[PDB]
Amino acid sequence: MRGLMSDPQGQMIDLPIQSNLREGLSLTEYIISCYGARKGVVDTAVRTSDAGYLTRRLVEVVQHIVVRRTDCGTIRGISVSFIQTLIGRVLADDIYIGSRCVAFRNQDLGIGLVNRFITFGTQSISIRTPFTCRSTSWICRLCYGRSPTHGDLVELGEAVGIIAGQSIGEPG
Amino acid sequence: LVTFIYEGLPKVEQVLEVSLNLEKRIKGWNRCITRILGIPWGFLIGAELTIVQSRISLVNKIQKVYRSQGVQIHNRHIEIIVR
Amino acid sequence: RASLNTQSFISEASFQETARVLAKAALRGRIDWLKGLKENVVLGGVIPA
Amino acid sequence: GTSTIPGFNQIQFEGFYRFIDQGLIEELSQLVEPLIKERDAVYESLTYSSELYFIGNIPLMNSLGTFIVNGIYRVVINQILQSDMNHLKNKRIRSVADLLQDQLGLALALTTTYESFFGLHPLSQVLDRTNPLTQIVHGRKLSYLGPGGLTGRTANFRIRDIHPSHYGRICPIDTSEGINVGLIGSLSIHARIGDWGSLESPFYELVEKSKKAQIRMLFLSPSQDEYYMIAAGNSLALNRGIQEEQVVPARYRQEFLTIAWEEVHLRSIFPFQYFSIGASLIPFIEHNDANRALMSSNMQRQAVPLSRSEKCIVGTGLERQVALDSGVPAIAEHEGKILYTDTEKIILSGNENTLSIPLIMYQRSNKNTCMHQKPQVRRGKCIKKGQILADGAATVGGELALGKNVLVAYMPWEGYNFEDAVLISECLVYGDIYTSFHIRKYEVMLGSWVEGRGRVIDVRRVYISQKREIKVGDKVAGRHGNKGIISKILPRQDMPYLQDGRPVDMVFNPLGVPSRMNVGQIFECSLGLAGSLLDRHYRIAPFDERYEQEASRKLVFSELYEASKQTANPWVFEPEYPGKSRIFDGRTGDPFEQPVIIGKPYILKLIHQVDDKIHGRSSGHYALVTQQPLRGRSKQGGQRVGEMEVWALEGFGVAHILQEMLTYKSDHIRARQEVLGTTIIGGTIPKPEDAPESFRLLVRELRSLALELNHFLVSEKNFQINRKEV
Amino acid sequence: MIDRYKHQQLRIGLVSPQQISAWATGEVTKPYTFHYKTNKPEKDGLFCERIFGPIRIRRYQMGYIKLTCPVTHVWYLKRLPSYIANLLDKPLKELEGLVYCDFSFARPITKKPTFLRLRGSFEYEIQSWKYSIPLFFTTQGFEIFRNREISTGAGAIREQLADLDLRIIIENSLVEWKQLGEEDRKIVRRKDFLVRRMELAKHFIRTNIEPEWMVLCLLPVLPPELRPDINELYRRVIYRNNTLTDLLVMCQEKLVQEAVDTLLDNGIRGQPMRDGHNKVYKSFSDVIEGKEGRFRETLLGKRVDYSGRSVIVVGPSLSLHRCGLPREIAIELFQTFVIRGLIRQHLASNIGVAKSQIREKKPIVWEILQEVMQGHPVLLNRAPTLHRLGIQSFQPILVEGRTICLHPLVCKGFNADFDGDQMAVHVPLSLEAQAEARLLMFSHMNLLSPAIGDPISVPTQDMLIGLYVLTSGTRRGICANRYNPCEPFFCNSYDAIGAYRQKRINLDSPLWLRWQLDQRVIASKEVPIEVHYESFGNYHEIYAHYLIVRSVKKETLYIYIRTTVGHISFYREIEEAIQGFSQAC
Amino acid sequence: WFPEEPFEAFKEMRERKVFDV
DNA sequence: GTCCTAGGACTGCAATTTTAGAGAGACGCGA
DNA sequence: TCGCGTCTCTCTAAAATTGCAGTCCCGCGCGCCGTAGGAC
RNA sequence: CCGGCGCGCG
Ligand SMILES: [Mg+2]
Ligand SMILES: [Zn+2]
């Protein structure tokens, strides 16, 4: 059944559409169901004009961000204590289990390493993120991490800022 | 005769162009750190604490809006914008 | 606001408030070093990416 | 319009007559018939107007409701504006009566200002003559735009919404697509314009015993619509009580209730009351989602008249009204007898009055669509005044006929109906099923085959006819919002065929029904097959479930079984899965594993097609100022690489593809000429290294604001500053 | 690694009247544009051939208008906050009155001595200054020293700006800021004005800009070929400037200033001045700013040559890296390459003959087109390019008809369906662009989306339903047998598929497949349902989906998988794809 | 959330390695 | 006939428009 | 003989509205209509 | 080869 519809000013119509499209809507039900039909077309005219403006401002603010260095030399690292966030990040510090080093500084975080951290009692993970790079006009390979599409570490000269802007504005 | 009284995309755009706790913590932190620490540790530590907290909440608010609609965007792309 | 406080006046002029950006910049002889992607698009040159 | 559907042009007809009645006198505070004939005004590009005695010329409205200025048909559309702000009781409608009288106010403060009103006013528009459906629906539009009206930016978000005062006056489905959504309305079938500028719809009054009530059909302005309890249900319900306390849905005070029959004042009894002409031509509309009803109405207005027309097996019964009110067929103006018929004319004689009626033969519309007329009567036939005499284009037997009945299957076929593609048979091509005549005009020997290739048919202005058979890339659609592009044409031996051995003509993707939620096309295809076997046509009013539950299912299933039993075709109705049958692969002869819904629906051919959209460009003419390639297919222009396309190239990192389309494919005058030369000799294209004419154009403009912009190169070798020429 | 240093810059700057003259040197003196009869450029007019050049240089050669009186630049006076007002440190109202009303400024200059106690901006005219002082001081000498104690209009502004001491401004602003600080809404705004004033004065010292250039002495004139509206505004400046010099009166001085402001920037003075049609004029600021302006329409996006357009239809037989091009679009886009192919094999005498042959649609033109399209990629692009996968590169092939054939698996990236969508085609010309398109933009290296990394060319809809039906296993339990139960054995998968072809078994009929590989069948981690142990040593372990035969005497191990033809077909399809790709390389 | 107490916040940035002596 | 012919919607921000705060020179009444 | 609240402005510190400035998806197709006014 | 108005398609 099509359920209940809503009038333009928020409130719900005190009459249900108890029939489905196979049974055939009554004349009263068809008129009520036209309320949501009008909303869909009108909301389309604002979903595009707003997301398009949002995308342009998103790309504009980071258009100049390009991978220009292999390593800025930073020592800062965001502390992490979910899995999909940690994959592809570069460790900012060594990780130890007892007296054994299980993960080294400046090493890409695979999912096997992450599972090993979760399997044992590892509380703090220090990673290099865009927040830790020693620049706001460019980013380095290690602070960005693995390429979003090429699997390996990101390559020099990649316009990651425009890709970042397009990735957010696209589903708008 | 009688009167009764009874009980997305705009959200993400508002955050980008600028949480109730975030603005209440920034107000609280501003008036205290400078009074405790003087020469730049008053300003350096205060700015560091405010910016670190802002980045965490700015990414969380944007990610929460997109996750509510099933949109899957990596944290890297948002951290590029927030930076 | 962040996009209007960049290191390039060509990027700001082609973004918003072109007259305001150009008037403020031309008063101080502002120099754009074309380090960004959009600056080289305006000139028709090769982007540094 | 108390007991019948009113004329679709009655609002324009009544408005113009009122303007002649009181509008002329109220503004002058004597007309003679025009010397030029209506056909002569358009033939040699004049204005159909009458003389006012010598004050000026007053344009005259055709019986179809359209004016002629400079030989161009024009329509004056209605406007809505402020008289709960969105309540229709606080609005007014300005017809052609108000627009023509108002211009008389400006005229007297005639011939020139009326000429400039039709040319320039937004509310005066060129009549759309694609098909008979477009001719009538254009005149019934309601607009919030125009002078004195809100703009799309000005439009409030609470406007563009459906208000409950619109029920019976403004169609809740029909609206414009794009920025103007919710601002372009459409009148309902039974709507009428009142004396206070308000819209009225007829309702049936239920009144007590002690009252004469000679006529129980009375029209409501939206102001008095609120204070009546109006029911849309029926009285086919009885329990151990009596009929008066049976409950029905009703409308009162902008909300929906459920009260007893004894508390109901008015009844909505007309079937087409709440819809416009476009939505009233969709059979089984109650099984289609209202979202697709809006698109279906638009698609029906793009249907191309075919060289041969045929009626739909399944319809709604409004096709006859559309044909009569469009003026496309020939309607007798006098009773009598038919004495002579041919292609060029029809002779009718009655009561010592003999008239000769010329017939349209291969004439051009404003949309490059052909018009043609064929006699519908024989010699010696008695005719009443107002009865049909001939059939026009897209009109058969006095009914609107925009499409064809073709055999159709709903199954996936090797990806050639992926998404919205349509696979058709060669029979539709060599049978001339979807062949249409198209005529352009250009401002040469008659009957010559020019080489836009076509045959020159009329020289006055050169008219060239083009016979366009169906092709890959053409657009076809049904009356349920089911559109599709033709992507493959197969020989008849390759198409799937039925248990009677007949191959189908089209194959549709079944995946397009659930997402689009238009079940009415499944109902129509099954009933179209039954009607073709039974030699029957069906004209079904919408919302037939008011009689009983699953009324459309009972009608389709029982008619399917009647066709199966009478013609001895057990596959037509299958008790295991009614409406579906096992069909066979034309390539292997093996049956498909699942039964397939088959039928004979009504499919239209739309104007959007190839031969009007394929464009290509190597080089050529550029703009004078920007020196960039022109814009438009007609100007042999190029394709724009917008800023969003530049972002994608920057995301790919293709810095040399971007520079190609920024300098020497667009505006680098020096480098455009060298690329033309190197590619013909194949000798490597070098980098431009200079500035394109768009940057030099910007520098000069900044110079005009007393600003200097210089480009400097600093050598990394000796640090010498080089000034680039700009 | 030493970076390949590239030091390129561009700088805007306020221009000087001398540089305006150097641009023009060439002065436009008459407002006539063209001859009414001969349609020739009027001499000394807006389109003068002597000033601008013969009828290329007309796109770049500039002119100038010698204004009798200086006029202020609207951008630097009327825009908020006013730069002239801040540098002169006066309220905007009094400056606007001095420029637009009949106001005279007292003591406009300082570097020359005066002898009067006139200070401020006296709105009323000084009664003594009208007759007494001029009549005692005569006319010549009085006018000689006139413009040193009282002046009016933009000339007074320019005089105030010319003699400004910027360092004194900085020092006074700093000392006033300190005084204000050492002492609460505009107690701060006055400070903010002071900070803004020293930063404004500081920038003038280090640059070559002069604050008096903010008032214009000459008016540069746009080249004629860039204005084939703007012309009408240029006539007005000449219309009212040439009137002013005829007089040499205050009203005409204001009219010239308003003409320049309207030409420079309309819609800034409240009511913007309209034309005779009651339509607002378009100024240079309007044409350089906005979404339709020069920056966002002409520079950020361009129309290009060697491009086409047509309707999109689906081709399921295409490869993932191929597209179908209409013959007309292909012959248009590759016209130069077809000309080269014709001339190279001596089938065309020259370029004109080759073009004529192409125009006649000779049968040999299509052979050369087909030859030259091999190995030359093209770029397809749908209209709303939301991400970088909205434009991709394909290998074009010649297809019949007038539509572009598109692979079904790349529609999701393009967000394209075949209900009326169209696409643009572009041809990379140079070798570097072709290499970029081949090695970076082809669909076979772009299988992942950059947003999160999911695959983008994944089977959808019809293919998904086909795979789902193929891999939907047997009917089981009460859906397979009417009663409580109180299948063929195939040596290899080829035997099972062959039996399926001969209609011996159905697509979902159960069968047992002999397995000669390791146990690699995905199934629930469950113990055998039944173990049939024989006294001779052999035992049979019966699982839900396979049977395993083991023995205690030998090390033999036989595996039989209970499956259908559909699962076998899916596995064979993927396996054969891998093996065929390996063998082909 | 970093606690609103300035010294608790300092201890937090010490623990999260935001800032240290 | 015409030939030259001269009215959304939201945010940002400086600009009035007061409101107020104190406050003092000359003073009519007054000690 | 001055002294006292204080009459009559008086000049500016501090919010309180308030009138602009700025902006508001992309890419295609088609048609119509301009270029006006007045003494001959 | 210039701009406005109207109607459309994705
Ligand atoms: Mg589509
Ligand atoms: Zn870094």
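Values below: all heavy atoms of this structure, side chains included; hydrogens, waters and symmetry mates excluded. Each chain gets a letter, A, B and so on, in the order the sequences are listed, and its residues count up from 1.
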Applying a 4.0 Å non-hydrogen cut-off, can you work out what [X] is touching in the nucleic acid: base, sugar-phosphate, or nothing?
X: D:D612; answer: nothing
X: D:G148; answer: base
X: A:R57; answer: nothing
X: E:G276; answer: nothing
X: D:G637; answer: nothing
X: E:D419; answer: sugar-phosphate
X: C:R20; answer: sugar-phosphate
X: E:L386; answer: nothing

Closest-nucleotide ordering on RNA chain I, the 5'-leading residue of D:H621 and E:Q422: D:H621
5' priority, RNA chain I, between D:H121 and D:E177 [closest heavy atom]: D:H121
Is the distance from OP1 or OP2 of [N] to the nearest side-chain N or O of [X] less than 4.0 Å?
X: D:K613; N: H:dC30; value: no
X: E:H277; N: H:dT35; value: yes
X: D:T154; N: G:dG7; value: no
X: E:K186; N: H:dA14; value: no
X: D:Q302; N: I:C9; value: yes
X: E:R296; N: H:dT23; value: no
X: D:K483; N: I:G10; value: yes
X: A:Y53; N: H:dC25; value: no
X: D:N298; N: I:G8; value: no
X: E:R303; N: H:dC28; value: yes
X: D:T151; N: G:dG7; value: no
X: D:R301; N: I:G8; value: yes
X: E:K279; N: I:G3; value: no
X: E:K37; N: G:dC4; value: yes

Can you measure [X] atom [atom1] to [N] atom [atom2] for me and round it to whole angstrom units?
X: C:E17; N: H:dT23; atom1: CD; atom2: P; answer: 7 Å
X: E:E232; N: H:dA36; atom1: CD; atom2: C1'; answer: 13 Å
X: D:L127; N: I:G8; atom1: CG; atom2: P; answer: 14 Å
X: E:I312; N: H:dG29; atom1: CD1; atom2: P; answer: 15 Å
X: D:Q300; N: I:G8; atom1: CD; atom2: P; answer: 15 Å
X: D:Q609; N: H:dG29; atom1: CD; atom2: P; answer: 16 Å
X: D:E115; N: H:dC33; atom1: CD; atom2: P; answer: 9 Å
X: D:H438; N: H:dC30; atom1: NE2; atom2: P; answer: 15 Å

Quiz item: cation-pi between C:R1 and C:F15, 6.0 Å / 45°: no
Presence of salt bridge, D:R516 and D:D420, under 4.0 angstrom: yes
Under-4.0 Å salt bridge between A:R56 and D:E643: yes
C1' atoms of G:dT5 and H:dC20, separation to the nearest Å: 40 Å
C1' atoms of G:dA26 and H:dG3, separation to the nearest Å: 14 Å
No-hydrogen, no-angle side-chain donor-acceptor test under 3.5 Å, D:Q125 and D:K141: yes
In terms of side-chain heavy atoms of [X], which of [options] is nearest?
X: E:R382; options: I:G10, H:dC24, I:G4; result: I:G10
X: D:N156; options: G:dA9, I:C1, G:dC4; result: G:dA9
X: D:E645; options: H:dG27, H:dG29, G:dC4; result: H:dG27
X: D:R633; options: H:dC30, I:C9, I:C2; result: H:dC30
X: D:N180; options: H:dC32, I:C7, H:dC30; result: I:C7
X: E:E292; options: H:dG27, I:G4, H:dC33; result: I:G4
X: A:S49; options: H:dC25, H:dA21, I:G10; result: H:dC25
X: D:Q639; options: H:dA21, I:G10, H:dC28; result: H:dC28
X: D:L120; options: H:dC30, H:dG34, I:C9; result: H:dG34
X: D:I184; options: I:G8, H:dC32, I:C7; result: I:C7

If you define the side chain from C-beta out and look only at heavy atoms, does anything of [X] sit under 4.5 Å from [Y]?
X: E:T403; Y: D:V610; result: yes
X: E:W75; Y: E:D265; result: yes
X: D:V304; Y: D:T130; result: no
X: D:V137; Y: D:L133; result: yes

is_stacked(H:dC32, H:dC33) at 5.5 Å centroid, 30° plane limits: yes
is_stacked(H:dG22, H:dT23) at 5.5 Å centroid, 30° plane limits: yes
Quiz item: D:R153 side-chain donor-acceptor pair to H:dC24 base, under 3.5 Å: yes
Pair D:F67 + D:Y73: ring centers closer than 6.0 Å: no
Check against salt bridge (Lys or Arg N to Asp or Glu O under 4.0 Å), E:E96 and E:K78: CA-CA 8 Å; E:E96 272 157 321; E:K78 283 212 66 66; 2.8 Å; yes
G-U wobble or Watson-Crick pairing nucleotide for I:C5 (cut-off 3.5 Å, both distances): H:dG31
Results of ring pair (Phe, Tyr, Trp, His ring centres under 6.0 Å) for D:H121 - residues two or more places apart only: D:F117
Any N/O pairs under 3.5 Å between the protein and nucleotides 14-21 of chain G? List them or say none.
from	atom 1	to	atom 2	distance (Å)
G:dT16	OP1	E:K93	NZ	3.3

Gap separating the CD atom of B:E13 from the OH atom of A:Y53, nearest 0.5 angstrom: 8.0 Å
